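One structure is given below, encoded as structure tokens.
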Amino acid sequence: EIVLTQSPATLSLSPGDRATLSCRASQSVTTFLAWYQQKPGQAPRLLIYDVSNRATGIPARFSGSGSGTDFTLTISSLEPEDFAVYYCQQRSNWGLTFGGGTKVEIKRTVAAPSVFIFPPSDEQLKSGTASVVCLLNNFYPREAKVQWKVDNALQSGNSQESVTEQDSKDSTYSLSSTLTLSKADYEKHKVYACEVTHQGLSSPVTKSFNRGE
Amino acid sequence: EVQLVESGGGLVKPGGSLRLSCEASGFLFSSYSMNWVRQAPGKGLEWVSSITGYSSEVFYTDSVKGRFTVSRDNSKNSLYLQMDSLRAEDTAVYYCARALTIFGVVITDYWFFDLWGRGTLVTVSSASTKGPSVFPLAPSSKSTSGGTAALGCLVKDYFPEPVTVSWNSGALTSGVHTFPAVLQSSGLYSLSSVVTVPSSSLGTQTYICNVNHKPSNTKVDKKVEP
Amino acid sequence: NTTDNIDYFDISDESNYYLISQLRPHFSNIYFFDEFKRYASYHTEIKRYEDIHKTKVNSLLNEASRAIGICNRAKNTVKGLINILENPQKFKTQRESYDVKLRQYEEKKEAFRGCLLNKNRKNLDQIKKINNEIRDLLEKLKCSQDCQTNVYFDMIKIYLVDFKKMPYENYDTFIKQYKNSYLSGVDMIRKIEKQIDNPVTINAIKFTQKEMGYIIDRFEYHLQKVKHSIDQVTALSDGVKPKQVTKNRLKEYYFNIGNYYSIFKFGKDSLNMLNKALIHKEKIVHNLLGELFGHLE
């Protein structure tokens with residue numbers, strides 16, 4: 001399999017800037033490389049075929065360059081529509097392989113998240129499971145650390161988090177971490193805290209709650 | 001109109017089998033090669049297989065070699081994918097893609113994809129269809145911010161994807177963040193839908209959490225009172 | 001008054017890119033592939049074709065003749081059906097109407113023509129594949145925006161020498177005279193078929209005139225294409241001649257003059273066949289017209 005690495009894995013630029021994404025191949029694929037564009041909830045869209053040839057209907061700002069193993073997709077001046085994920089693909093050798101894809105995102109001012117913690121509902125504990133939910137609301141950039149503490153004991157291995165797409169109105173992400181422990185383990189400890197760390201915070205804020213309080 | 005419409009997706013246990021269809025229209029189906037491209041949830045594009053214009057040659061990716069089979073019926077403008085002995089790692093959205101062919105002084109094509117379809121979801125898991133249980137992530141005056149309060153709705157343990165969660169039957173849409181589902185160790189999916197509202201509105205306005213799970217045919221409306 | 005050869009029947013597929021002939025090599029694309037093996041001769045970076053090109057195109061041609069050989073059972077079916085409609089003596093032996101037997105000709109003719117296509121459908125993808133392997137092979141040339149045109153115009157000089165070897169006007173005034181003497185008798189039978197109450201010979205003449213039309217338009221079709229081929233490469237010799245072109249323009253070039261020459265060779269092959277077919281059909285109508293005017297008693 002001819003793998004295609006696309007680092008940088010993500011770009012954060014603004015309209016008017018120039019996005020120059022890369023795709024490197026393990027073996028040489030001559031000039032038989034293509035570029036695609038994919039937005040959330042949509043199918044991919046062919047952008048460029050054989051390194052430098054533009055597809056029909058796509059704007060001229062998309063350029064292509066490269067030969068052998070190192071290739072480059074260039075967007076001269078980005079537009080609000082151009083913000084999506086871009087995959088590279090080779091057709092040289094069989095076992096057609098894609099690249100890891102890199103998402104270009106809108107760069108905005110650093111915004112701190114509104115953090116909230118929810119104790120598990122009384123109806124959920126009436127069954128056997130306990131889910132404490134920590135919500136990080138409307139922050140930028142996406143890079144955020146969500147630490148789970150239970151009686152000030154650093155937890156790991158029992159947390160699950162999910163993140164949204166960059167909002168179309170404020171360009172902010174949002175995370176929802178769900179720490180699901182036993183009912184026996186939940187009633188054993190008393191204090192449950194959510195320690196978040198973000199570049200928009202002077203120091204890591206912490207949202208906590210005491211059981212039955 | 002030129003389009004590709006996939007069909008036949010669904011859910012089966014490991015070792016089962018499904019057959020995906022694709023009906024093309026708007027162009028001469030016989031002149032183009034056709035492909036299948038799948039995308040795992042939250043992952044990238046993986047090419048599955050390809051077939052030439054008149055089934056002269058067919059190709060597969062190693063992961064499905066010996067398990068899948070491709071066929072086309074140019075009389076019915078249809079592309080088919082027979083998926084036998086399915087595995088867990090086969091859970092993905094499968095796309096019907098058309099090969100980019102050029103009509104110049106001669107006919108030539110590339111092994112790229114110039115036309116795509118909406119795709120269908122294929123889920124392979126031993127878990128059975130289970131309705132979602134919904135719990136209120138109620139807001140409290142202690143967890144409120146300056147003037148905003150956050151209340152949510154945890155859709156726990158359902159199978160399979162997807163769910164649709166709305167608030168007040170569509171009357172409340174701003175400040176809503178329905179998060180992508182996570183596949184738990186139990187094999188069941190779970191997500192949360194939250195909404196940021198004014199803290200002054202909690203004592204007066206009502207918030208209804210509408211969930212709809214079509215594979216299990218369940219519809220739940222959970223009122224999240226503080 | 002009997003047709004022993006029906007090689008004039010041809011059919012193209014729905015692409016309108018592939019025209020199947022009964023004469024070898026059945027596909028004009030085969031001649032283009034032969035011309036590319038002469039292009040890889042002059043280029044050192046792609047001399048590997050002389051081994052890889054021959055092994056590839058030879059199997060496509062061998063499968064092309066295999067495909068047309070399958071339809072021989074259906075080929076002879078209408079070869080024996082038009083021998084009944086052409087010969088009134090051979091028609092007077094069977095016991096079915098002319099319209100009922102004429103529908104057997106039409107139904108079994110489309111079966112024969114449709115067979116020539118269906119058996120070659122998997123070869124239609126093989127032509128597209130070799131076209132790709134030819135285009136991708138040209139990427140191995142050690143140029144980018146400095147590709148040499150010397151071999152491109154060397155073939156242009158050779159092609160116009162080969163094109164003057166065919167007398168175009170000899171074919172042109174031939175069909176113009178035969179077409180003028182064809183519609184003459186078509187507009188004629190329709191004006192004298194009521195005076196002589198003979199249905200056997202005049203029905204045979206109208207049928208042999210129907211095929212005479214079809215063969216004629218096949219001749220004028222291939223005549224234009226070799227005329228278009230000759231005129232275009234002539235303008236390439238009288239046009240601008242740059243020393244350096246991009247690698248994509250050179251691929252446009254070989255595919256242009258390569259297809260131009262394949263159309264010439266393909267047209268010249270069928271034009272000579274259609275010539276011998278038109279004269280044979282005209283000898284039939286002439287002598288059955290003499291039988292109509294030779295028995296005034």
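Residue numbering restarts at 1 in every chain; chains get A, B, ... in the order shown in the structure tokens, and ligands count up from 1 in that same order.
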**Message:** Write out as a ChimeraX atom specification the set of residues from region 78-237 of chain C that DSSP, computed on the backbone, places in helix (DSSP H, G or I).
**Reply:** /C:78-86,88-91,98-118,121-140,150-164,168-192,199-237
Counting only C-alpha atoms, which residues of chain A come no farther than 12 Å from chain C, as JSON, numbers by chain?
-> {"A": [29, 30, 31, 32, 50, 52, 53, 67, 68, 91, 92]}
Any chance you can output those residues with N, CA and C atoms as a tab-separated table (two decimals), in the first residue's frame?
chain	number	residue	atom	x	y	z
A	29	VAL	N	4.72	8.14	-7.11
A	29	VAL	CA	3.51	7.94	-7.88
A	29	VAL	C	3.52	8.77	-9.17
A	30	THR	N	4.72	9.12	-9.66
A	30	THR	CA	4.89	10.01	-10.80
A	30	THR	C	4.10	11.30	-10.58
A	31	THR	N	3.13	11.57	-11.44
A	31	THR	CA	2.27	12.73	-11.31
A	31	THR	C	0.80	12.33	-11.27
A	32	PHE	N	0.51	11.11	-10.82
A	32	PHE	CA	-0.86	10.59	-10.82
A	32	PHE	C	-1.48	10.77	-9.44
A	50	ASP	N	-4.38	14.57	-11.63
A	50	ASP	CA	-3.00	14.51	-12.11
A	50	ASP	C	-2.24	15.79	-11.76
A	52	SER	N	-1.88	18.90	-11.39
A	52	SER	CA	-2.02	20.31	-11.73
A	52	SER	C	-3.24	20.65	-12.58
A	53	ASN	N	-4.05	19.68	-12.98
A	53	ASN	CA	-5.19	19.95	-13.85
A	53	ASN	C	-6.43	20.20	-13.01
A	67	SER	N	5.78	16.66	-8.02
A	67	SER	CA	6.13	15.52	-8.84
A	67	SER	C	6.86	14.50	-7.98
A	68	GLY	N	6.65	13.22	-8.29
A	68	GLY	CA	7.33	12.15	-7.59
A	68	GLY	C	6.67	11.74	-6.28
A	91	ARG	N	-3.46	7.13	-8.11
A	91	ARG	CA	-3.94	6.11	-9.03
A	91	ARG	C	-2.80	5.38	-9.72
A	92	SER	N	-1.57	5.52	-9.22
A	92	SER	CA	-0.42	4.91	-9.88
A	92	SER	C	-0.45	3.39	-9.74
- Task: Please provide as a list in words all residues within 8 Å of region 11-26 of chain A, with the sequence filter that same-chain residues fewer than 6 positions apart are discarded (counting only C-alpha atoms).
- Result: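 Residues meeting the cut-off are residues 2, 3, 4, 5, 69, 70, 71, 72, 73, 74, 75, 76, 77, 78, 79, 80, 88, 99, 102, 103, 104, 105, 106, 107 and 108 of chain A.
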Would you list the contacts of residue 68 (chain C) as a list in words, taking every protein, DNA or RNA residue within 9 Å and counting only C-alpha atoms, but skipping same-chain residues closer than 2 positions in sequence?
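Here the answer would be residues 22, 26, 63, 64, 65, 66, 70, 71, 72, 115, 116, 117, 119 and 120 of chain C.
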Put those residues in a file: N, CA, C and O atoms, as a PDB file, in the first residue's frame.
ATOM      1  N   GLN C  22     -16.046  -5.147 -40.552  1.00  0.00           N
ATOM      2  CA  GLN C  22     -15.805  -6.569 -40.760  1.00  0.00           C
ATOM      3  C   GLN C  22     -14.394  -6.831 -41.264  1.00  0.00           C
ATOM      4  O   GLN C  22     -13.856  -7.923 -41.045  1.00  0.00           O
ATOM      5  N   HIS C  26     -10.736  -4.266 -37.807  1.00  0.00           N
ATOM      6  CA  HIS C  26     -12.062  -4.102 -37.211  1.00  0.00           C
ATOM      7  C   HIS C  26     -12.216  -2.799 -36.426  1.00  0.00           C
ATOM      8  O   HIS C  26     -13.311  -2.228 -36.384  1.00  0.00           O
ATOM      9  N   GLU C  63      -8.519 -10.911 -30.223  1.00  0.00           N
ATOM     10  CA  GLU C  63      -9.846 -11.000 -29.625  1.00  0.00           C
ATOM     11  C   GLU C  63     -10.887 -10.268 -30.464  1.00  0.00           C
ATOM     12  O   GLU C  63     -12.076 -10.607 -30.410  1.00  0.00           O
ATOM     13  N   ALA C  64     -10.462  -9.269 -31.243  1.00  0.00           N
ATOM     14  CA  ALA C  64     -11.395  -8.571 -32.123  1.00  0.00           C
ATOM     15  C   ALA C  64     -11.859  -9.471 -33.262  1.00  0.00           C
ATOM     16  O   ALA C  64     -13.040  -9.461 -33.627  1.00  0.00           O
ATOM     17  N   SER C  65     -10.945 -10.255 -33.842  1.00  0.00           N
ATOM     18  CA  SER C  65     -11.353 -11.198 -34.878  1.00  0.00           C
ATOM     19  C   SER C  65     -12.136 -12.363 -34.292  1.00  0.00           C
ATOM     20  O   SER C  65     -13.028 -12.904 -34.955  1.00  0.00           O
ATOM     21  N   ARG C  66     -11.820 -12.764 -33.057  1.00  0.00           N
ATOM     22  CA  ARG C  66     -12.612 -13.795 -32.395  1.00  0.00           C
ATOM     23  C   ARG C  66     -14.048 -13.329 -32.183  1.00  0.00           C
ATOM     24  O   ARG C  66     -14.996 -14.105 -32.361  1.00  0.00           O
ATOM     25  N   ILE C  70     -17.647 -15.065 -34.121  1.00  0.00           N
ATOM     26  CA  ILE C  70     -18.798 -15.677 -33.467  1.00  0.00           C
ATOM     27  C   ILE C  70     -20.076 -15.414 -34.257  1.00  0.00           C
ATOM     28  O   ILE C  70     -20.964 -16.274 -34.319  1.00  0.00           O
ATOM     29  N   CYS C  71     -20.189 -14.244 -34.883  1.00  0.00           N
ATOM     30  CA  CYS C  71     -21.391 -13.861 -35.612  1.00  0.00           C
ATOM     31  C   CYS C  71     -21.440 -14.410 -37.031  1.00  0.00           C
ATOM     32  O   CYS C  71     -22.275 -13.945 -37.815  1.00  0.00           O
ATOM     33  N   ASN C  72     -20.572 -15.362 -37.389  1.00  0.00           N
ATOM     34  CA  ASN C  72     -20.602 -15.917 -38.739  1.00  0.00           C
ATOM     35  C   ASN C  72     -21.889 -16.692 -39.001  1.00  0.00           C
ATOM     36  O   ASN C  72     -22.397 -16.678 -40.128  1.00  0.00           O
ATOM     37  N   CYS C 115     -24.865  -8.280 -33.168  1.00  0.00           N
ATOM     38  CA  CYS C 115     -23.891  -9.260 -32.702  1.00  0.00           C
ATOM     39  C   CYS C 115     -22.471  -8.721 -32.811  1.00  0.00           C
ATOM     40  O   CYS C 115     -21.645  -8.951 -31.921  1.00  0.00           O
ATOM     41  N   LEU C 116     -22.169  -8.010 -33.899  1.00  0.00           N
ATOM     42  CA  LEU C 116     -20.829  -7.466 -34.081  1.00  0.00           C
ATOM     43  C   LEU C 116     -20.449  -6.527 -32.946  1.00  0.00           C
ATOM     44  O   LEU C 116     -19.267  -6.414 -32.599  1.00  0.00           O
ATOM     45  N   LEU C 117     -21.433  -5.856 -32.352  1.00  0.00           N
ATOM     46  CA  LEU C 117     -21.174  -4.932 -31.260  1.00  0.00           C
ATOM     47  C   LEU C 117     -21.089  -5.642 -29.913  1.00  0.00           C
ATOM     48  O   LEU C 117     -20.125  -5.440 -29.165  1.00  0.00           O
ATOM     49  N   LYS C 119     -20.409  -8.639 -29.024  1.00  0.00           N
ATOM     50  CA  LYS C 119     -19.224  -9.465 -28.838  1.00  0.00           C
ATOM     51  C   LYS C 119     -17.962  -8.633 -28.662  1.00  0.00           C
ATOM     52  O   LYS C 119     -16.951  -9.160 -28.185  1.00  0.00           O
ATOM     53  N   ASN C 120     -17.996  -7.352 -29.028  1.00  0.00           N
ATOM     54  CA  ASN C 120     -16.834  -6.481 -28.916  1.00  0.00           C
ATOM     55  C   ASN C 120     -16.940  -5.503 -27.756  1.00  0.00           C
ATOM     56  O   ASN C 120     -16.112  -4.594 -27.651  1.00  0.00           O
TER      57      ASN C 120
END
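Residue nearest residue 208 (chain A) within the list A:8, A:119, A:157, A:128: A:119 [criterion: smallest interatomic distance, only C-alpha atoms].
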*Rank nothing, just name the residue among B:103, B:32, B:189, B:60 nearest to chain A, using only C-alpha atoms.*
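Residue with the minimum atom-to-atom distance to chain A: B:60.
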Two-atom distance - CA of residue 63 (chain A), CA of residue 111 (chain B) (Å) =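 So the answer is 20.2 Å.
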Query - Interface residues on chain B facing chain C, 9 Å, only C-alpha atoms, written as a PyMOL selection string - result: chain B and resi 28+30-31+33+52-57+103+105-110
Rows by chain and residue number, chain A within 8 Å of chain B, shortest pair, only C-alpha atoms, as a Markdown table:
| residue | atom | partner | partner_atom | distance |
| --- | --- | --- | --- | --- |
| A:34 | CA | B:112 | CA | 7.0 |
| A:42 | CA | B:118 | CA | 7.1 |
| A:43 | CA | B:118 | CA | 6.2 |
| A:44 | CA | B:116 | CA | 7.1 |
| A:45 | CA | B:114 | CA | 7.2 |
| A:46 | CA | B:114 | CA | 5.5 |
| A:49 | CA | B:112 | CA | 7.3 |
| A:87 | CA | B:45 | CA | 7.9 |
| A:89 | CA | B:112 | CA | 7.9 |
| A:91 | CA | B:111 | CA | 5.6 |
| A:95 | CA | B:61 | CA | 5.5 |
| A:96 | CA | B:47 | CA | 6.1 |
| A:97 | CA | B:47 | CA | 6.7 |
| A:98 | CA | B:45 | CA | 6.2 |
| A:99 | CA | B:44 | CA | 7.9 |
| A:100 | CA | B:44 | CA | 6.3 |
| A:101 | CA | B:44 | CA | 6.9 |
| A:114 | CA | B:145 | CA | 7.4 |
| A:116 | CA | B:143 | CA | 6.1 |
| A:117 | CA | B:143 | CA | 7.1 |
| A:118 | CA | B:137 | CA | 5.8 |
| A:119 | CA | B:137 | CA | 7.4 |
| A:120 | CA | B:137 | CA | 7.3 |
| A:121 | CA | B:135 | CA | 6.3 |
| A:123 | CA | B:135 | CA | 7.0 |
| A:124 | CA | B:135 | CA | 6.6 |
| A:133 | CA | B:137 | CA | 7.9 |
| A:160 | CA | B:182 | CA | 7.3 |
| A:161 | CA | B:182 | CA | 7.7 |
| A:162 | CA | B:180 | CA | 6.0 |
| A:163 | CA | B:179 | CA | 6.3 |
| A:164 | CA | B:179 | CA | 5.8 |
| A:174 | CA | B:177 | CA | 7.6 |
| A:175 | CA | B:179 | CA | 7.8 |
| A:176 | CA | B:179 | CA | 7.1 |
| A:207 | CA | B:143 | CA | 8.0 |
Suppose we keep C-alpha atoms; can you now write the selection as an mmCIF file, in the first residue's frame?
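Writing done, so here's part-v3.cif:
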data_model
loop_
_atom_site.group_PDB
_atom_site.id
_atom_site.type_symbol
_atom_site.label_atom_id
_atom_site.label_comp_id
_atom_site.auth_asym_id
_atom_site.auth_seq_id
_atom_site.Cartn_x
_atom_site.Cartn_y
_atom_site.Cartn_z
ATOM 1 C CA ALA A 34 -5.777 13.953 -7.223
ATOM 2 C CA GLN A 42 -21.757 15.979 1.969
ATOM 3 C CA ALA A 43 -19.938 13.800 -0.522
ATOM 4 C CA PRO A 44 -16.377 14.570 -1.646
ATOM 5 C CA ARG A 45 -15.882 16.913 -4.591
ATOM 6 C CA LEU A 46 -13.136 16.386 -7.156
ATOM 7 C CA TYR A 49 -6.610 15.454 -11.287
ATOM 8 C CA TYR A 87 -7.929 14.542 0.754
ATOM 9 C CA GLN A 89 -5.452 10.210 -3.667
ATOM 10 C CA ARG A 91 -3.943 6.110 -9.029
ATOM 11 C CA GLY A 95 -4.652 -0.725 -3.971
ATOM 12 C CA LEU A 96 -5.910 2.819 -4.446
ATOM 13 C CA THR A 97 -5.017 4.798 -1.334
ATOM 14 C CA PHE A 98 -6.138 8.140 0.089
ATOM 15 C CA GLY A 99 -4.371 10.623 2.316
ATOM 16 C CA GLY A 100 -5.264 11.348 5.913
ATOM 17 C CA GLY A 101 -6.913 14.616 4.906
ATOM 18 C CA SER A 114 -18.306 28.384 29.263
ATOM 19 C CA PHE A 116 -20.835 23.392 32.956
ATOM 20 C CA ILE A 117 -21.040 20.120 34.894
ATOM 21 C CA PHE A 118 -24.226 18.067 35.249
ATOM 22 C CA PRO A 119 -24.756 15.495 38.006
ATOM 23 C CA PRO A 120 -26.326 12.235 36.828
ATOM 24 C CA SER A 121 -30.111 12.293 36.757
ATOM 25 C CA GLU A 123 -33.820 8.426 36.837
ATOM 26 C CA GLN A 124 -30.512 7.131 35.459
ATOM 27 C CA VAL A 133 -21.433 15.387 31.777
ATOM 28 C CA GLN A 160 -15.664 9.803 26.563
ATOM 29 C CA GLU A 161 -15.833 13.170 24.806
ATOM 30 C CA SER A 162 -17.380 14.425 21.569
ATOM 31 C CA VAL A 163 -16.761 17.677 19.702
ATOM 32 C CA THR A 164 -18.875 19.673 17.254
ATOM 33 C CA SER A 174 -17.850 22.829 21.664
ATOM 34 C CA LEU A 175 -17.023 19.643 23.576
ATOM 35 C CA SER A 176 -19.137 17.271 25.676
ATOM 36 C CA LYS A 207 -16.409 23.094 37.818
#
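Shortest atom-to-atom contact with residue 249 (chain C) among C:46, C:205, C:137, C:147: C:147, counting only C-alpha atoms.
Distances here use only C-alpha atoms; by that measure, the residue among C:49, C:98, C:219, C:9 closest to residue 203 (chain C) is C:98.
Among the candidate residues B:18, B:51, B:58, B:220, the one lying nearest to residue 165 (chain B) is B:220, with distances computed using only C-alpha atoms.
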Can you list, as a ChimeraX atom specification, every protein, DNA or RNA residue that comes within 6 Å of region 203-214 of chain B when you count only C-alpha atoms, leaving out same-chain residues fewer than 2 positions away? /B:163-168,201,216-223
Selection above as a file: C-alpha atoms, as an mmCIF file, in the first residue's frame:
data_model
loop_
_atom_site.group_PDB
_atom_site.id
_atom_site.type_symbol
_atom_site.label_atom_id
_atom_site.label_comp_id
_atom_site.auth_asym_id
_atom_site.auth_seq_id
_atom_site.Cartn_x
_atom_site.Cartn_y
_atom_site.Cartn_z
ATOM 1 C CA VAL B 163 -30.796 9.781 16.095
ATOM 2 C CA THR B 164 -32.402 13.184 15.569
ATOM 3 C CA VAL B 165 -32.753 15.513 18.564
ATOM 4 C CA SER B 166 -34.714 18.771 18.448
ATOM 5 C CA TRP B 167 -35.825 21.266 21.093
ATOM 6 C CA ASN B 168 -39.418 22.524 21.417
ATOM 7 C CA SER B 201 -35.869 32.374 31.274
ATOM 8 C CA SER B 216 -36.179 1.208 16.536
ATOM 9 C CA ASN B 217 -39.292 3.337 15.788
ATOM 10 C CA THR B 218 -39.175 5.207 19.110
ATOM 11 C CA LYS B 219 -39.935 8.884 19.763
ATOM 12 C CA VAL B 220 -39.242 10.362 23.207
ATOM 13 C CA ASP B 221 -40.107 13.822 24.564
ATOM 14 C CA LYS B 222 -38.305 14.562 27.843
ATOM 15 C CA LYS B 223 -39.127 17.803 29.650
#
- Find the residues around residue 50 (chain C) up to 9 Å (only C-alpha atoms counted), leave out those fewer than 2 positions away in its own chain, and share them as a ChimeraX atom specification. /C:37-38,40-41,46-48,52-55
Just-selected residues, C-alpha atoms written as a tab-separated table (two decimals), in the first residue's frame:
chain	number	residue	atom	x	y	z
C	37	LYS	CA	4.84	2.02	-31.61
C	38	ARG	CA	6.50	4.10	-34.34
C	40	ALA	CA	8.15	5.30	-29.18
C	41	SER	CA	10.87	4.41	-31.69
C	46	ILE	CA	9.92	4.89	-23.87
C	47	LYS	CA	11.61	2.34	-26.15
C	48	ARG	CA	10.10	-0.35	-23.88
C	52	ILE	CA	5.12	-4.11	-24.35
C	53	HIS	CA	3.05	-2.45	-27.10
C	54	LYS	CA	3.14	-5.40	-29.51
C	55	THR	CA	2.17	-7.99	-26.89
